[PDB]
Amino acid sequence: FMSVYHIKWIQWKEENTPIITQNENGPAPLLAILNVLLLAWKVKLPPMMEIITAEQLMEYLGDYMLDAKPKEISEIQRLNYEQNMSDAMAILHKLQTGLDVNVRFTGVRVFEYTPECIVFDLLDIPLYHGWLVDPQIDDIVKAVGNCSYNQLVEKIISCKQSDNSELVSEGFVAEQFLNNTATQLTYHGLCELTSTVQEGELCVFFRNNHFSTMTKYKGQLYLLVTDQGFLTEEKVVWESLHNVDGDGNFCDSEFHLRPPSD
């Protein structure tokens, strides 16, 4: 049947803004996009809403996307927009089940330009990942090159069944680079990420098959906590992203550390 979500109200920039919590796995990409819109005050809900349904969440996102009304455009922009919107809506329903992204390991914003990557452009919501190859190490950067995941994963298959020694070596090196970094975040990726995200930016961060809302406060990256388990814990709003192992620091709505509950 229908999925229902719980609204957790927090104090973002002195004003009472709502964020929508997550229970079962799936709703992550829609929840990341809308939480970006709720925090930036682009979309807002009546003041005391506690739970919200799936149809309402899609109605809000659909109305905000289709009623943009930008008139200063030529025939190139207009017809490209109507097509970029058409393919965006054929996928838009997937934002509830689960969104697929193709990842390339050379930059924090470098993705394959798919109709799923369009929604983050029509809303001007930057989309980031941290699965970057370490450029100072040569034997991995040669084997992975400028390949994407759907390309590298086919590359190691064709490499495994080759007869060349240098080819199976590159295939095994690329396989090991995927097996060692299965958390979809690398040390160099976190370093370049912190540099690329602007201070006060509101974006969506892909990692470990999850879409989470991200910001940068005083040079430090943070992910908003979206789990329903923390819905009633008023002092956990942001988790600091400072390591690859998930040893984040829980902070409150003003990015101050949370005291243990004793």
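Residue positions are given as counts along the sequence shown, with the first one as 1.
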Per the record, averaged over C-alpha atoms, which has the higher B-factor: 119 to 127 or 135 to 143? 135 to 143
Taking only the CA atoms, which stretch has the higher mean B-factor in the record, 210 to 218 or 46 to 54? 46 to 54
If you rank the chain by CA B-factor, which third does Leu95 end up in: lowest, middle or highest? lowest
Which third of the chain holds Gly229 when residues are ordered by C-alpha B factor: lowest, middle or highest? highest
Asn35 - Cα temperature factor, lowest/middle/highest third of chain: lowest
Name the third of the chain's ranked CA B-factors that contains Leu202, choosing lowest, middle or highest. middle
Test of reading the entry: by CA B factor among the chain's modelled residues, which third contains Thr106? lowest
